[PDB]
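Student: So that you have it, the file is work.pdb, and it contains PDB, N, CA and C atoms:
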```
ATOM      1  N   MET P   1     185.594  62.032 123.910  1.00  0.00           N
ATOM      2  CA  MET P   1     184.465  62.235 122.968  1.00  0.00           C
ATOM      3  C   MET P   1     184.638  61.362 121.731  1.00  0.00           C
ATOM      4  N   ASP P   2     183.571  60.780 121.289  1.00  0.00           N
ATOM      5  CA  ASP P   2     183.626  59.906 120.083  1.00  0.00           C
ATOM      6  C   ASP P   2     182.212  59.660 119.553  1.00  0.00           C
ATOM      7  N   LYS P   3     181.267  59.467 120.431  1.00  0.00           N
ATOM      8  CA  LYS P   3     179.867  59.229 119.979  1.00  0.00           C
ATOM      9  C   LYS P   3     178.996  60.431 120.331  1.00  0.00           C
ATOM     10  N   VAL P   4     179.252  61.058 121.443  1.00  0.00           N
ATOM     11  CA  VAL P   4     178.440  62.247 121.814  1.00  0.00           C
ATOM     12  C   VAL P   4     178.668  63.371 120.794  1.00  0.00           C
ATOM     13  N   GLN P   5     179.668  63.247 119.956  1.00  0.00           N
ATOM     14  CA  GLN P   5     179.932  64.319 118.958  1.00  0.00           C
ATOM     15  C   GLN P   5     178.912  64.273 117.814  1.00  0.00           C
ATOM     16  N   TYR P   6     178.625  63.117 117.267  1.00  0.00           N
ATOM     17  CA  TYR P   6     177.638  63.077 116.158  1.00  0.00           C
ATOM     18  C   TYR P   6     176.231  62.949 116.743  1.00  0.00           C
ATOM     19  N   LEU P   7     176.087  62.249 117.837  1.00  0.00           N
ATOM     20  CA  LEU P   7     174.738  62.130 118.457  1.00  0.00           C
ATOM     21  C   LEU P   7     174.196  63.525 118.781  1.00  0.00           C
ATOM     22  N   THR P   8     175.034  64.401 119.271  1.00  0.00           N
ATOM     23  CA  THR P   8     174.566  65.773 119.610  1.00  0.00           C
ATOM     24  C   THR P   8     174.259  66.558 118.332  1.00  0.00           C
ATOM     25  N   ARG P   9     175.091  66.431 117.335  1.00  0.00           N
ATOM     26  CA  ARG P   9     174.848  67.162 116.059  1.00  0.00           C
ATOM     27  C   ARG P   9     173.435  66.880 115.554  1.00  0.00           C
ATOM     28  N   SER P  10     173.009  65.652 115.632  1.00  0.00           N
ATOM     29  CA  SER P  10     171.644  65.304 115.165  1.00  0.00           C
ATOM     30  C   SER P  10     170.614  65.547 116.276  1.00  0.00           C
ATOM     31  N   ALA P  11     171.060  65.834 117.472  1.00  0.00           N
ATOM     32  CA  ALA P  11     170.103  66.066 118.587  1.00  0.00           C
ATOM     33  C   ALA P  11     169.495  67.471 118.503  1.00  0.00           C
ATOM     34  N   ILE P  12     170.226  68.425 117.993  1.00  0.00           N
ATOM     35  CA  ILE P  12     169.685  69.806 117.906  1.00  0.00           C
ATOM     36  C   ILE P  12     169.474  70.217 116.441  1.00  0.00           C
ATOM     37  N   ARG P  13     170.372  69.854 115.569  1.00  0.00           N
ATOM     38  CA  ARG P  13     170.210  70.246 114.140  1.00  0.00           C
ATOM     39  C   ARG P  13     168.978  69.571 113.536  1.00  0.00           C
ATOM     40  N   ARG P  14     168.801  68.301 113.773  1.00  0.00           N
ATOM     41  CA  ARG P  14     167.617  67.608 113.208  1.00  0.00           C
ATOM     42  C   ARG P  14     166.450  67.653 114.200  1.00  0.00           C
ATOM     43  N   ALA P  15     166.414  68.652 115.037  1.00  0.00           N
ATOM     44  CA  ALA P  15     165.310  68.767 116.023  1.00  0.00           C
ATOM     45  C   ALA P  15     164.973  70.243 116.259  1.00  0.00           C
ATOM     46  N   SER P  16     165.971  71.083 116.328  1.00  0.00           N
ATOM     47  CA  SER P  16     165.720  72.528 116.560  1.00  0.00           C
ATOM     48  C   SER P  16     165.728  73.320 115.250  1.00  0.00           C
ATOM     49  N   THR P  17     165.912  72.663 114.145  1.00  0.00           N
ATOM     50  CA  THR P  17     165.935  73.386 112.847  1.00  0.00           C
ATOM     51  C   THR P  17     164.904  72.791 111.882  1.00  0.00           C
ATOM     52  N   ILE P  18     164.359  71.648 112.197  1.00  0.00           N
ATOM     53  CA  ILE P  18     163.346  71.039 111.306  1.00  0.00           C
ATOM     54  C   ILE P  18     161.967  71.089 111.974  1.00  0.00           C
ATOM     55  N   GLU P  19     161.926  71.251 113.273  1.00  0.00           N
ATOM     56  CA  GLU P  19     160.616  71.306 113.971  1.00  0.00           C
ATOM     57  C   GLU P  19     160.260  72.751 114.332  1.00  0.00           C
ATOM     58  N   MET P  20     161.232  73.619 114.373  1.00  0.00           N
ATOM     59  CA  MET P  20     160.943  75.039 114.719  1.00  0.00           C
ATOM     60  C   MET P  20     161.853  75.980 113.917  1.00  0.00           C
ATOM     61  N   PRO P  21     161.811  75.839 112.613  1.00  0.00           N
ATOM     62  CA  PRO P  21     162.642  76.696 111.734  1.00  0.00           C
ATOM     63  C   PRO P  21     162.093  78.123 111.725  1.00  0.00           C
ATOM     64  N   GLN P  22     160.812  78.273 111.919  1.00  0.00           N
ATOM     65  CA  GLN P  22     160.214  79.637 111.931  1.00  0.00           C
ATOM     66  C   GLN P  22     160.319  80.244 113.331  1.00  0.00           C
ATOM     67  N   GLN P  23     160.244  79.428 114.346  1.00  0.00           N
ATOM     68  CA  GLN P  23     160.343  79.952 115.734  1.00  0.00           C
ATOM     69  C   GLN P  23     161.812  80.142 116.114  1.00  0.00           C
ATOM     70  N   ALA P  24     162.629  79.153 115.866  1.00  0.00           N
ATOM     71  CA  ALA P  24     164.076  79.275 116.204  1.00  0.00           C
ATOM     72  C   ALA P  24     164.652  80.548 115.581  1.00  0.00           C
ATOM     73  N   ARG P  25     164.322  80.820 114.347  1.00  0.00           N
ATOM     74  CA  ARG P  25     164.846  82.049 113.692  1.00  0.00           C
ATOM     75  C   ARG P  25     164.429  83.286 114.488  1.00  0.00           C
ATOM     76  N   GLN P  26     163.190  83.348 114.891  1.00  0.00           N
ATOM     77  CA  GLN P  26     162.717  84.519 115.677  1.00  0.00           C
ATOM     78  C   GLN P  26     163.351  84.507 117.067  1.00  0.00           C
ATOM     79  N   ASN P  27     163.367  83.369 117.702  1.00  0.00           N
ATOM     80  CA  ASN P  27     163.967  83.278 119.064  1.00  0.00           C
ATOM     81  C   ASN P  27     165.436  83.711 119.034  1.00  0.00           C
ATOM     82  N   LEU P  28     166.168  83.300 118.034  1.00  0.00           N
ATOM     83  CA  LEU P  28     167.607  83.691 117.952  1.00  0.00           C
ATOM     84  C   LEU P  28     167.756  85.206 118.102  1.00  0.00           C
ATOM     85  N   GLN P  29     166.732  85.942 117.775  1.00  0.00           N
ATOM     86  CA  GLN P  29     166.807  87.424 117.898  1.00  0.00           C
ATOM     87  C   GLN P  29     167.213  87.827 119.320  1.00  0.00           C
ATOM     88  N   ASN P  30     166.877  87.026 120.295  1.00  0.00           N
ATOM     89  CA  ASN P  30     167.243  87.367 121.701  1.00  0.00           C
ATOM     90  C   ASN P  30     168.762  87.489 121.847  1.00  0.00           C
ATOM     91  N   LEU P  31     169.506  86.750 121.071  1.00  0.00           N
ATOM     92  CA  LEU P  31     170.990  86.827 121.172  1.00  0.00           C
ATOM     93  C   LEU P  31     171.475  88.228 120.787  1.00  0.00           C
ATOM     94  N   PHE P  32     170.750  88.899 119.935  1.00  0.00           N
ATOM     95  CA  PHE P  32     171.162  90.260 119.507  1.00  0.00           C
ATOM     96  C   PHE P  32     170.919  91.280 120.624  1.00  0.00           C
ATOM     97  N   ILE P  33     169.723  91.334 121.145  1.00  0.00           N
ATOM     98  CA  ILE P  33     169.419  92.315 122.227  1.00  0.00           C
ATOM     99  C   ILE P  33     170.279  92.020 123.465  1.00  0.00           C
ATOM    100  N   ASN P  34     170.510  90.772 123.769  1.00  0.00           N
ATOM    101  CA  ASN P  34     171.334  90.441 124.964  1.00  0.00           C
ATOM    102  C   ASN P  34     172.760  90.967 124.781  1.00  0.00           C
ATOM    103  N   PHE P  35     173.404  90.602 123.708  1.00  0.00           N
ATOM    104  CA  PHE P  35     174.795  91.085 123.477  1.00  0.00           C
ATOM    105  C   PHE P  35     174.819  92.614 123.422  1.00  0.00           C
ATOM    106  N   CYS P  36     173.911  93.208 122.700  1.00  0.00           N
ATOM    107  CA  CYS P  36     173.885  94.695 122.619  1.00  0.00           C
ATOM    108  C   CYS P  36     173.714  95.281 124.022  1.00  0.00           C
ATOM    109  N   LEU P  37     172.892  94.667 124.828  1.00  0.00           N
ATOM    110  CA  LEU P  37     172.678  95.172 126.211  1.00  0.00           C
ATOM    111  C   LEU P  37     173.993  95.076 126.988  1.00  0.00           C
ATOM    112  N   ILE P  38     174.571  93.908 127.040  1.00  0.00           N
ATOM    113  CA  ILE P  38     175.853  93.738 127.787  1.00  0.00           C
ATOM    114  C   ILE P  38     176.991  94.490 127.087  1.00  0.00           C
ATOM    115  N   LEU P  39     176.855  94.731 125.814  1.00  0.00           N
ATOM    116  CA  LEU P  39     177.921  95.429 125.061  1.00  0.00           C
ATOM    117  C   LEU P  39     177.865  96.949 125.282  1.00  0.00           C
ATOM    118  N   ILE P  40     176.699  97.499 125.472  1.00  0.00           N
ATOM    119  CA  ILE P  40     176.600  98.973 125.663  1.00  0.00           C
ATOM    120  C   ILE P  40     176.552  99.350 127.144  1.00  0.00           C
ATOM    121  N   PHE P  41     176.053  98.484 127.980  1.00  0.00           N
ATOM    122  CA  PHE P  41     175.976  98.816 129.424  1.00  0.00           C
ATOM    123  C   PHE P  41     177.313  98.551 130.119  1.00  0.00           C
ATOM    124  N   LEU P  42     178.123  97.675 129.586  1.00  0.00           N
ATOM    125  CA  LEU P  42     179.436  97.408 130.238  1.00  0.00           C
ATOM    126  C   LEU P  42     180.259  98.697 130.295  1.00  0.00           C
ATOM    127  N   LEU P  43     179.947  99.649 129.457  1.00  0.00           N
ATOM    128  CA  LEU P  43     180.706 100.926 129.460  1.00  0.00           C
ATOM    129  C   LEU P  43     180.079 101.920 130.445  1.00  0.00           C
ATOM    130  N   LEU P  44     178.777 101.941 130.532  1.00  0.00           N
ATOM    131  CA  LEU P  44     178.103 102.891 131.463  1.00  0.00           C
ATOM    132  C   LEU P  44     178.440 102.558 132.921  1.00  0.00           C
ATOM    133  N   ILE P  45     178.382 101.305 133.287  1.00  0.00           N
ATOM    134  CA  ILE P  45     178.688 100.924 134.696  1.00  0.00           C
ATOM    135  C   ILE P  45     180.071 101.436 135.110  1.00  0.00           C
ATOM    136  N   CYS P  46     180.920 101.723 134.164  1.00  0.00           N
ATOM    137  CA  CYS P  46     182.281 102.216 134.505  1.00  0.00           C
ATOM    138  C   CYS P  46     182.261 103.720 134.791  1.00  0.00           C
ATOM    139  N   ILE P  47     181.325 104.426 134.225  1.00  0.00           N
ATOM    140  CA  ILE P  47     181.252 105.894 134.448  1.00  0.00           C
ATOM    141  C   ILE P  47     181.019 106.221 135.928  1.00  0.00           C
ATOM    142  N   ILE P  48     180.174 105.480 136.588  1.00  0.00           N
ATOM    143  CA  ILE P  48     179.896 105.770 138.024  1.00  0.00           C
ATOM    144  C   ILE P  48     181.012 105.228 138.922  1.00  0.00           C
ATOM    145  N   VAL P  49     181.588 104.111 138.570  1.00  0.00           N
ATOM    146  CA  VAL P  49     182.673 103.535 139.416  1.00  0.00           C
ATOM    147  C   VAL P  49     183.959 104.359 139.283  1.00  0.00           C
ATOM    148  N   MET P  50     184.189 104.944 138.141  1.00  0.00           N
ATOM    149  CA  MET P  50     185.426 105.751 137.957  1.00  0.00           C
ATOM    150  C   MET P  50     185.246 107.176 138.496  1.00  0.00           C
ATOM    151  N   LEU P  51     184.080 107.504 138.987  1.00  0.00           N
ATOM    152  CA  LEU P  51     183.864 108.880 139.524  1.00  0.00           C
ATOM    153  C   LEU P  51     183.479 108.820 141.004  1.00  0.00           C
ATOM    154  N   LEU P  52     182.683 107.857 141.382  1.00  0.00           N
ATOM    155  CA  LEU P  52     182.273 107.747 142.811  1.00  0.00           C
ATOM    156  C   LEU P  52     182.617 106.357 143.355  1.00  0.00           C
TER     157      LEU P  52
END
```
Go ahead and render the structure in this file as structure tokens.
Tutor:
Amino acid sequence: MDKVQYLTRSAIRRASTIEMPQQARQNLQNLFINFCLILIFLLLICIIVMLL
């Protein structure tokens, strides 16, 4: 790596934050529900496997 490091930095930062600063902020919300889903369900799936 040597050029793909700065080329990528400007590929998303100067494209996904200047053209969709209002949408990207709202879309990022999906990261919260996804983690919370996998974070709370990873425990429930164990209740049935540890009993049946």
Student: Please put the answer as JSON: centre and edge lengths, in Å with one decimal, of a box along x, y and z that encloses all listed atoms of range 15-31 of chain P plus 8 Å on each side.
Tutor:
```
{"center_x": 165.8, "center_y": 78.4, "center_z": 116.6, "size_x": 27.3, "size_y": 35.6, "size_z": 26.5}
```
Student: What does the distance from CA of residue 8 in chain P to CA of residue 29 in chain P come to in Å, to one decimal?
Tutor: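 Pair CA of residue 8 in chain P / CA of residue 29 in chain P returns 23.1 Å.
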Student: Between CA of residue 35 in chain P and CA of residue 21 in chain P, what is the distance, to one decimal in Å?
Tutor: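 Computing the Euclidean distance for CA of residue 35 in chain P and CA of residue 21 in chain P yields 22.2 Å.
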